[PDB]
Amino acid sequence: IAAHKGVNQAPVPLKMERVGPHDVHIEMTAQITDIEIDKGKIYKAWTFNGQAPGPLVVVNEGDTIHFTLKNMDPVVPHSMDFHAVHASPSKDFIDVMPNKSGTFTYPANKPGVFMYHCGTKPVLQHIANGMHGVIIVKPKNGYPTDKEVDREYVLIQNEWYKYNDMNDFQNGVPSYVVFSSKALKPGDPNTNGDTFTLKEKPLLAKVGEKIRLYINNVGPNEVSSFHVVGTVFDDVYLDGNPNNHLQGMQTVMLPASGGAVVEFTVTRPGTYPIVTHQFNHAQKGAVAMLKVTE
């Protein structure tokens, strides 16, 4: 797009504040930012807040979200669709024009690990260019296994195609399939979807810990066979709802937009790859590392 030529908007921080016991304000941007998705390969991504996937949003079950989107794109409208909320798509997930803002209000009444994304037509084009992310809604009474959990991270899987190529987006195989991590607490890694960053800079843990991962496969098009090498998932909660509780899985299937909470123990020191077991995708980038030390 001619108007995006030489646009590179620096990342803006997620703005969030709680205004009531069950009411939260969140403010995000839609903006155009260059992301290195593979070594030497830039993608002029369509983003929320200059990150792809977008920044992590965490709320509590029963929170009402008062959402503001500032659209910094100089030419293309953008919108926001949270999978966590009950809303009217045609009133509450509407387009916000270039240089304008819109504020929408809706409740998050179910716990889980929900995808979020732009809902502007054509939706495939806006998702594939980078407008996705995850919102975690914490359960009111936790998970049954919370007391066993030593450590937590958030991982997202996504695909990259030929830049802004609608024929590729529809008919082509992915050029890259990648993981990213988003921070739950200051100090945790917060990265973009690329082929290399979680290889070079592994996630960390200690020998003997039980690790919880909140995972979502945002696609846009592929399913995921998610698996951690050298362990078995003790517990899995489909979509992060406590009630959907499976045990002893080797591999967790995730639909496009699907999430889960998975928990597992690392019994010995060394480096544990994290993959999607559809190994064409793992070869195209979707291998993250977990380094476990004494």
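Residue numbers run from 1 along the displayed sequence.
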Stretch with the higher entry mean CA B-factor, where the candidates are 279 to 287 and 13 to 21: 13 to 21
Of 207 to 215 and 140 to 148, the one with larger mean CA B-factor: 140 to 148
By the entry's C-alpha temperature factors, tell me which of 74, 130, 193, 220 sits highest. 74
The third of the chain into which the C-alpha temperature factor of residue 82 falls is the middle
By the record's CA B-factor, is residue 227 among the lowest, middle or highest third of residues in the chain? lowest
Assigned third (lowest, middle, highest) for the C-alpha B factor of residue 267: highest
Chain thirds of CA B-factor: placement of residue 69: highest
Residue 88, C-alpha B-factor rank within chain (lowest, middle or highest third): highest
